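Let me begin by presenting the structure, written as structure tokens, before commenting on it.
Keep in mind that the numbers below use all heavy atoms, side chains included, and drop hydrogens, waters and symmetry copies. Letters go in sequence order (proteins before strands), and every chain restarts at 1.
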Amino acid sequence: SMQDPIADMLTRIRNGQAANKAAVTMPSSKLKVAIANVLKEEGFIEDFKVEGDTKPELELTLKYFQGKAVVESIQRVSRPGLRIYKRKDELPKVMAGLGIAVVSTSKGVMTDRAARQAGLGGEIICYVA
Amino acid sequence: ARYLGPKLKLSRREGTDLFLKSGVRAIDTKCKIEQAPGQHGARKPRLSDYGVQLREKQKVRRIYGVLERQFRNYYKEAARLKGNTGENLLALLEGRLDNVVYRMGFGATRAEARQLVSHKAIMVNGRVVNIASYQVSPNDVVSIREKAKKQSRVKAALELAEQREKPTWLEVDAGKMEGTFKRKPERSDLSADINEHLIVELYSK
Amino acid sequence: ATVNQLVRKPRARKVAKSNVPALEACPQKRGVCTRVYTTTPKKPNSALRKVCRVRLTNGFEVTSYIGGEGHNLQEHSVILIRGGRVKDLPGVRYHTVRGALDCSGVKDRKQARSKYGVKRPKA
Amino acid sequence: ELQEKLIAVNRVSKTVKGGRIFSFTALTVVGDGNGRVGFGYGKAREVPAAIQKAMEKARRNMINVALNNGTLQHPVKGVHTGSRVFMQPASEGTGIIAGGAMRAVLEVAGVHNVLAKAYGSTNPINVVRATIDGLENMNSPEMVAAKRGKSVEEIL
Amino acid sequence: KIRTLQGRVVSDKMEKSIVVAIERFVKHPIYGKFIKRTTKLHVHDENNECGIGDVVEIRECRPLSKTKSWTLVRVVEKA
RNA sequence: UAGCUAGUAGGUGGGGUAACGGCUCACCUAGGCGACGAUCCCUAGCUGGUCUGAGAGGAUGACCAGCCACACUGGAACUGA
RNA sequence: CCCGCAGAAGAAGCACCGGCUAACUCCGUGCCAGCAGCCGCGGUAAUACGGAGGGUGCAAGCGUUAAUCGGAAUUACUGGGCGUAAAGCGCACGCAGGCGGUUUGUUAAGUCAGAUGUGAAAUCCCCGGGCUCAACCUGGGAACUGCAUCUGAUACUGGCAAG
RNA sequence: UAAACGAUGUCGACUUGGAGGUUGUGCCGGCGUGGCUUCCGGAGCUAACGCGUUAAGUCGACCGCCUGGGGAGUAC
Ligand SMILES: [Mg+2]
Ligand SMILES: [Mg+2]
Ligand SMILES: [Mg+2]
Ligand SMILES: [Mg+2]
Ligand SMILES: [Mg+2]
Ligand SMILES: [Mg+2]
Ligand SMILES: [Mg+2]
Ligand SMILES: [Mg+2]
Ligand SMILES: [Mg+2]
Ligand SMILES: [Mg+2]
Ligand SMILES: [Mg+2]
Ligand SMILES: [Mg+2]
Ligand SMILES: [Mg+2]
Ligand SMILES: [Mg+2]
Ligand SMILES: [Mg+2]
Ligand SMILES: [Mg+2]
Ligand SMILES: [Mg+2]
Ligand SMILES: [Mg+2]
Ligand SMILES: [Mg+2]
Ligand SMILES: [Mg+2]
Ligand SMILES: [Mg+2]
Ligand SMILES: [Mg+2]
Ligand SMILES: [Mg+2]
Ligand SMILES: [Mg+2]
Ligand SMILES: [Mg+2]
Ligand SMILES: [Mg+2]
Ligand SMILES: [Mg+2]
């Protein structure tokens with residue numbers, strides 16, 4: 001059964017990018033929307049939108065730069081079988097700072113750099129590069 | 001605890017002048033500098049990458065007259081010190097008191113400078129120091145003791161140093177037989193022929 | 001393996017038994033020669049290799065090689081053995097130390113004395 | 001102009017009616033010391049001919065690597081067949097801390113400071129391919145900024 | 001405050017005593033997975049108030065018997 | 001090595017200790033421990049640290065310092081803070 | 001510790017040189033004698049055995065053995081596998097266990113932030129300081145990644161309530 | 001207990017195509033839309049052979065199992 005919607009969303013992005021899809025759609029959730037907001041404001045996806053009243057669907061517009069997918073790698077880190085939390089001193093750098101780690105802090109879901117600037121740790125959702 | 005054997009064998013094995021003679025004559029007129037020592041010297045069997053690293057390390061060791069345990073300790077200190085490890089190693093080697101005595105021109109060679117240090121002819125900041133590996137620090141004054149100022153060795157060595165590229169990180173007064181260690185040399189101040197990354201790699205294996 | 005599986009059963013290390021058990025983690029052991037013998041090696045080698053059977057001070061009875069050319073070992077000889085097997089001799093996992101106790105050094109030996117029992121020629 | 005290094009010479013053999021036919025293979029790398037590197041593989045009955053073929057091939061197969069002042073931009077992984085390599089930026093004065101075929105590739109490419117590790121098979125042809133693959137999939141801050149529609153400052 | 005522990009009653013068959021399973025959620029020192037661990041405490045239950053299945057708050061006290069150094073504070077939620 | 005335990009687990013009262021306490025005794029209840037490994041078997045002084053390792057780990061506990069145990073073997077109390 | 005005295009005088013060895021692995025040749029031997037960590041070497045034209053000359057590496061030590069970690073991502077948490085290389089239970093149901101779609105509220109256990117107490121000294125590390133240098137000694141720091149408590153945060157996970 | 005085999009654990013999601021078989025169903029022999037299934041093949045993966053929407057691809061949950069050959073699936 002489906003037991004990690006976030007890994008599912010990351011996999012949908014990864015597979016759609018590999019397949020050169022212009023967009024991917026998945027069932028929505030507020031956590032997925034927060035992650036997509038981080039992805040969009042960091043430049044990894046073009047845009048996202050949610051449609052539907054009782055069964056919301058989240059659609060992500062993927063982006064490509066020069067025939068290449070922009071999301072080079074996208075990887076789940078904390079997962080249901082093994083949760084990963086980091087204090088602010090031990091927040092991971094992704095690709096020596098050229099990528100991002102998406103962190104759920106008590107002030108919301110943000111990049112590792114934003115969490116570092118806010119002086120917070122949290123759950124390491126995924127690495128995007 | 002010191003290499004006491006023939007000197008030019010070392011240069012011939014390294015294939016370059018290690019400056020182990022005073023330099024009154026060209027090293028060509030004293031040995032076949034282009035040929036490695038021994039019966040099979042003329043041969044030049046391919047050197048492995050390990051051989052290249054080993055020969056670089058040995059060449060620097062033989063220039064400065066440092067045995068392996070002390071040299072390894074120098075590498076460890078250079079790795080510990082902040083900054084570029086190979087440059088740190090060269091700076092540590094240049095800081096040795098016998099080397100500074102040679103660089104100021106008080107000794108014709110580094111071995112003569114070592115004997116001058118060992119035999120208590122050298123003062124650092126007015127105090128006798130007879131340790132060859134003593135680390136000279138910036139603004140230190142290295143002088144010939146008064147009892148040793150009449151030595152013909154030292155006058156001849158100053159003459160010889162007049163005919164070498166004068167180090168810029170030192171300030172020698174050939175009249176008073178005093179010199180000042182102004183600063184640590186940078187890498188530009190030292191020979192471009194030394195490839196110290198090879199030594200660093202050798203010790204990092 | 002999953003992390004759950006490793007929580008239930010962690011990774012298991014290997015034991016790595018010693019190849020020189022009769023030494024019992026000692027650098028050398030003393031023994032008395034029980035017989036002085038000579039034996040033939042495994043293929044593809046051929047010679048008559050000199051070996052002794054020795055009863056060590058800890059009660060083990062083992063065979064040890066006698067290296068070099070020309071020993072003086074002759075049963076009841078008390079010797080010192082060290083670790084090290086002889087590849088082409090089955091069951092031989094020790095060397096006798098030449099020049100220790102009753103084992104003489106190799107007679108006319110230069111070049112790696114001190115692995116045999118040979119003092120510096122000097123005069 | 002280009003540094004040339006010979007990594008491995010190997011004697012291979014095929015069997016025919018009369019017996020065995022021995023030939024030689026040469027694996028070489030070339031580079032300009034400033035982020036351009038290529039590898040060549042040549043075969044011939046004789047070693048010098050194999051080396052010459054390998055050099056010729058290498059000069060025509062050079063790729064571009066965006067170095068950052070003699071070191072890598074970020075950690076990279078490279079893979080080919082059973083060879084898996086990991087490479088890391090290192091401070092100035094760290095030499096090439098790398099093993100074998102990796103050393104030759106990184107030297108001629110102009111990488112002076114790197115920490116590396118070879119996993120899996122260390123077979124030299126495949127190690128060279130994996131190292132070049134790793135150097136190829138390495139991004140500069142400028143490329144990351146370009147693909148993300150950002151300036152370099154907001155990247156770093 | 002007063003230091004307390006909260007747990008499930010697993011036996012009340014002793015006169016004036018119960019057994020409380022305390023649960024803790026700890027990160028595994030090697031694998032990093034958070035796992036559940038149980039501590040069982042013999043607790044003094046004056047008035048024999050507690051039944052098997054209740055959730056009780058307890059506190060540490062002086063030894064009361066060979067295996068009892070904890071006393072009942074209250075039943076947070078009854079069975 | 002899969003079952004172990006009858007002062008055994010708990011209670012009441014007397015005694016006892018510098019002190020809480022099955023510490024002990026009498027009576028009562030029938031408990032207590034255990035696959036989160038009890039019981040049994042083998043091995044072992046513990047720690048700060050030490051060696052190794054990029055690290056995570058692995059190995060280790062000589063000297064120095066903290067804790068413990070022992071003083072020919074087995075047992076006992078006396079004196080005494 | 002310092003100062004005088006005489007004179008190069010009183011002070012160099014050990015392993016190695018087939019590949020790995022820096023260092024090559026002659027005579028002696030003839031699957032013998034022997035070497036050997038692995039691969040192997042030796043049966044007349046041996047850089048592999050033995051001596052020598054030459055050389056390489058260490059040096060008041062050098063080798064050997066023992067023993068630990070490394071290399072070994074070869075027990076893989078970091079960090080491995082399972083079609084044919086070793087490896088999917090013959091198949092299934094299922095308790096314990098692990099895991100859990102989506103929304104709101106609440107809680108604040110996990111988690112995160114700050115603080116307080118503690119985490120002996122020595123050791124390690126950084127900066128200095130003393131022995132002619134160094135080793136050693138030593139002043140301040142850092143660190144001791146832990147634990148407990150208090151006060152906050154509430155995104156995620158857990159509890160609870162309603163969907 | 002079997003070479004009890006797809007020598008391929010179960011469940012879920014996602015990711016170009018082509019030709020069939022079988023079994024439903026909608027609309028007008030055509031066009032759809034479900035279930036199971038055979039063959040080929042693309043990216044990707046793989047030591048290679050090959051696998052390839054019925055994955056050996058990309059992921060998540062949980063379980064079983066491996067750690068050189070022999071001795072041995074043997075002895076006790
Ligand atoms: Mg010494
Ligand atoms: Mg391998
Ligand atoms: Mg008690
Ligand atoms: Mg004992
Ligand atoms: Mg390691
Ligand atoms: Mg221990
Ligand atoms: Mg008394
Ligand atoms: Mg060589
Ligand atoms: Mg011969
Ligand atoms: Mg390991
Ligand atoms: Mg494997
Ligand atoms: Mg088979
Ligand atoms: Mg098989
Ligand atoms: Mg099956
Ligand atoms: Mg089932
Ligand atoms: Mg949930
Ligand atoms: Mg909390
Ligand atoms: Mg301390
Ligand atoms: Mg000082
Ligand atoms: Mg200190
Ligand atoms: Mg909740
Ligand atoms: Mg079977
Ligand atoms: Mg069948
Ligand atoms: Mg079948
Ligand atoms: Mg099977
Ligand atoms: Mg196919
Ligand atoms: Mg059987």
Planes under 30° and centres closer than 5.5 Å, is that true for D/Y119 with the base of G/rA73? yes
Tell me whether the side-chain N or O atoms of [X] pair up with the base of [N] as donor and acceptor below 3.5 Å, since no angle test is needed here.
X      : N       : value
B/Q39  : G/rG53  : yes
C/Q111 : G/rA52  : yes
A/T105 : G/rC112 : no
A/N15  : H/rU15  : no
C/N45  : G/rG40  : yes
B/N73  : G/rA134 : no
C/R109 : G/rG51  : no

Could you check whether [Y] and [X], counting side-chain N and O atoms only, form a donor-acceptor pair closer than 3.5 Å?
X     : Y      : answer
E/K33 : C/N4   : yes
A/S78 : A/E123 : yes
C/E24 : C/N58  : yes
B/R61 : B/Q58  : yes

Tell me which donor-acceptor pairs under 3.5 Å the side chains of residues 120-129 of chain B have, and how far apart each pair is, sequence neighbours excluded?
from   : atom 1 : to     : atom 2 : distance (Å)
B/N125 : OD1    : B/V141 : N      : 3.3
B/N125 : ND2    : B/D140 : OD1    : 3.3
B/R127 : NH1    : B/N125 : O      : 3.2

Do [N] and [M] meet the pairing test, Watson-Crick or G-U wobble with both distances under 3.5 Å?
N       : M       : result
G/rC14  : G/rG57  : yes
G/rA15  : G/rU56  : yes
G/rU123 : G/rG101 : no
G/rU47  : G/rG30  : no
G/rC3   : G/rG83  : no
F/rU8   : F/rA30  : yes
F/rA6   : F/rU17  : no
G/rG100 : G/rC69  : no
H/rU16  : H/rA55  : no
F/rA38  : H/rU58  : no

When both hydrogen-bonding distances must be under 3.5 Å and the geometry is Watson-Crick or G-U wobble, what is [N] paired with, if anything?
N      : result
H/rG24 : H/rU33
H/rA3  : none
H/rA61 : H/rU10
F/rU24 : F/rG14
F/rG48 : F/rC64

Taking any heavy-atom pair under 4.0 Å as a contact, classify [X]: base, sugar-phosphate, or nothing.
X     : value
B/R72 : nothing
C/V86 : base
A/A19 : sugar-phosphate
A/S78 : nothing
B/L47 : sugar-phosphate

Specify the residue among B/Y3 and B/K82 whose closest nucleotide of RNA chain G lies further upstream toward the 5′ end. B/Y3
Given RNA chain G, 5'-ward residue of the pair C/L48 and B/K147, judged by closest heavy atom: B/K147
Given RNA chain F, 5'-ward residue of the pair E/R37 and E/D12, judged by closest heavy atom: E/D12
Tell me whether H/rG68 sits syn or anti, counting syn as a glycosidic angle within 90° of 0. anti
Give the ring-plane orientation class for B/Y74 versus B/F71, where under 30° counts as parallel, over 60° as perpendicular and anything between as tilted. perpendicular
Nearest of G/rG34, G/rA59, G/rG57 to any side-chain atom of C/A47? G/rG34
With side chain to side chain contact (heavy atoms under 4.5 Å, CB included) as the test, pick out the partner of E/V43 among E/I18, E/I22, E/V19. E/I18
Sign of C1'-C2'-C3'-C4' at [N]: does that make it north or south?
N      : result
G/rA8  : south
G/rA48 : south
F/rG13 : north

Roughly, in whole Å, what's the span from [atom1] in [X] to [atom2] in [N]?
X      : N       : atom1 : atom2 : value
C/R120 : G/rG61  : CZ    : P     : 18 Å
C/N19  : G/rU65  : CG    : P     : 13 Å
C/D88  : G/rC41  : CG    : P     : 13 Å
E/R3   : G/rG117 : CZ    : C1'   : 11 Å
E/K33  : G/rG158 : NZ    : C1'   : 14 Å
C/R13  : G/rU75  : CZ    : P     : 10 Å
E/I18  : F/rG11  : CD1   : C1'   : 15 Å
A/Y85  : G/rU157 : OH    : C1'   : 5 Å

Assess whether a salt bridge exists between [X] and [Y], defined as any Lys/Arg side-chain N lying under 4.0 Å from an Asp/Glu carboxylate O.
X     : Y     : answer
B/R62 : B/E14 : yes
A/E90 : A/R87 : no
C/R49 : C/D88 : yes

Under 6.0 Å from the ring centre and within 45 degrees of the ring axis: does the NZ or CZ of C/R109 meet both conditions for the six-membered ring of C/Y116? yes
Produce the list of close N/O pairs, under 3.5 Å, pairing protein atoms with atoms of nucleotides 63-70 of chain H; give distances to one decimal.
from   : atom 1 : to    : atom 2 : distance (Å)
H/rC63 : OP1    : C/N4  : ND2    : 2.9
H/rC63 : OP1    : C/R8  : NH2    : 2.4
H/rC63 : OP2    : C/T2  : OG1    : 3.1
H/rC63 : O5'    : C/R8  : NH2    : 3.0
H/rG64 : OP1    : C/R8  : NH1    : 3.4
H/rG64 : OP2    : C/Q5  : NE2    : 3.0
H/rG64 : OP2    : C/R8  : NH1    : 3.0
H/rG64 : OP2    : C/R8  : NH2    : 3.4
H/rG64 : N7     : C/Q5  : NE2    : 2.9
H/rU67 : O4     : C/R11 : NH1    : 3.3

